[PDB]
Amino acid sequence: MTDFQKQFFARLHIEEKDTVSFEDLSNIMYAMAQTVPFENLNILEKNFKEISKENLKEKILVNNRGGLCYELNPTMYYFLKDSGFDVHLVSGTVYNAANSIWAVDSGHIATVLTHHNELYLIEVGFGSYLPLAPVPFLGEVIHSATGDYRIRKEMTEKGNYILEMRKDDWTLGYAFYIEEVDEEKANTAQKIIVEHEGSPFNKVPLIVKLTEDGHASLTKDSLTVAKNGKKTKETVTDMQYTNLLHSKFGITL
């Protein structure tokens, strides 16, 4: 068991395990969603670092922060790698179904896992749109509390595969290429999301995390808490913003 693995189990508040199985992945992903939030604050504080195993262990596992896709998915990638799984990073581009257009090119990073000769997409970083389990490339629908998810082989101008989702009809989440990439592509996604003028993540604070009974979202101005059949939206002032970061998301800057 490496230090990365130990800090990871600790971060997720789940049992240490010297042998991690495939059947375990779903519950680790669920635990990761409950504990590690999607957040962009290091872009705004201008203290993002190079994407690496050490920097990420320190930011996410030691300092109990969250991150964006190019931080959360490589984090899981490293955990999965030390756990003996055959894993790879892939690059893609998110689609903005609302406005019917692509997000910034090559802004997304994700993880693919090989088990028993079959491919699974491991997705823990796509905001709150989380499958909470591996998504089989064979095409099977994964049902989670955040919605439905499936992979399709499909050439677009942003990849040769797609992650589709709902919840009302199937809509494109992101397109990606199955071709393997490394940390340098991850650092490039960061640069893109930090710098590009059309990036959704370099203007205002954005923090989301799943919870027991739904999810919670925070911005410069408002806190949204969704439970089942109930949503609360409320204004947040600068004075309440530090407490909320800590109390709802375990974030201390």
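For every residue, the number given is its place in the sequence shown, counted from 1.
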Residues without coordinates, deposited sequence, stretch from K167 to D168: is the count none, 1 to 3, 4 to 9, or 10 or more? 10 or more
Pick between 122-130 and 94-102: the one whose mean CA B-factor in the entry is higher. 94-102
Mean C-alpha B factor from the entry: is it higher for 155-163 or for 68-76? 155-163
Which one, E58, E197, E45, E39, has the peak C-alpha temperature factor per the PDB entry? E197
Going by the entry, which of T219, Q190, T35, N63 has the most elevated CA B factor? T219
In terms of its chain's C-alpha B-factors, the third that includes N27 is the highest
Taking the chain's C-alpha temperature factors as the reference, tell me which third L244 falls into: lowest, middle or highest. middle
Ordered by C-alpha B-factor within the chain, which third holds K203? Give me lowest, middle or highest, please. highest
What third of its chain's C-alpha B-factors does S52 belong to: lowest, middle or highest? middle
Lowest, middle or highest third: where is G107 by Cα B-factor in its chain? lowest
